[PDB]
């Protein structure tokens, strides 16, 4: 068949329209080239590009048979010669996420402005979560040389409007994600552990000052580690056990790992905290890798030093590429999720770094940003929807 022809049903959706349209097309010399159909709130769109013999396609026979059979049931339909038309659309060059509780129209409208301001076509939009946070995904195509300015744009927009914004490359390698590492304190686990231990030595005050002074990027990580652990010199090492019992998991964390197992992920943690305390919980979670510092003990009591080598900032980036080596996962399929300057070097070495309840020094450099203290929102940023999760969970 010689010449091409584009057909397009619009109108309220109903059953059988897709069948009806193609039986009808069989009666004329018709072979498909592309078919695109969707139903959004019942509005049916259907876009069939065919190429059929110039014989039939120059004839009113086809026109009348289609038009008649569509408008009969209550939908519109258009028919036009094609010849030059692109057969199948290009893929999207980036994907963007917008999340928040709530997402104001002004907020979302600002994202779309700055996206427009740069030449970026919104190729598609859809909602990924209604719980615990409205999240909406946008596949966008970006002018070459703009995407640096894009994340500049979007971060700003995020701050002024109180929504979380996230911009990944939507490419083949970059989307077979396979490896995730979590910080522990204030990411995977609620609270600072070095404060649960501090509070046992009645020095919860001094220590919590320094800790926030560090996680924000004001004191050398080693230097503030020594000094805070210094406060613990004297405690019976039984207290380690006491703090690993009190620990709580970030909300939704179980669901985050359980789902990250589904997609075949290697999951690990990377702290500057204390291996003896993550070692229990990283067993129960059946994690694949733990990199953490060691508390010195003598005759059963804590000396207040840490055993070296210390896992400083750059030690956390080191800590991840070692994992990514041991499991064979290149760096660009590696996910990292932190919450403080401690993690600046991890997130920037990972292929997709995620600031979670981050101090602002982090948000400034993470490829993405979540403000709201639910760890399941990490799933949405990785290609999953609240619908899938509850489906897969519900089957068991």
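Residue numbers count along the first chain shown, from 1.
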_Mean CA temperature factor from the deposited coordinates, higher in 279-287 or in 214-222?_
214-222
_Quick check on the record: does 176-184 or 107-115 carry the larger mean Cα temperature factor?_
107-115
*Out of 40, 354, 327, 361, which shows the largest CA B-factor listed in the entry?*
361
_Residue with highest C-alpha B-factor in the PDB entry, from 90, 137, 123, 84_ = 84
*Please place residue 65 in the lowest, middle or highest third of its chain by C-alpha B factor as given in the entry.*
highest
*Relative C-alpha B-factor of residue 59, binned into the chain's lowest, middle or highest third*: highest
*CA B-factor ranking of residue 237, expressed as a third of its chain*: highest
*Place residue 318 in the lowest, middle or highest third of its chain's C-alpha B-factors, as listed in the PDB entry.*
middle
*Third of chain Cα B-factors occupied by residue 335*: lowest
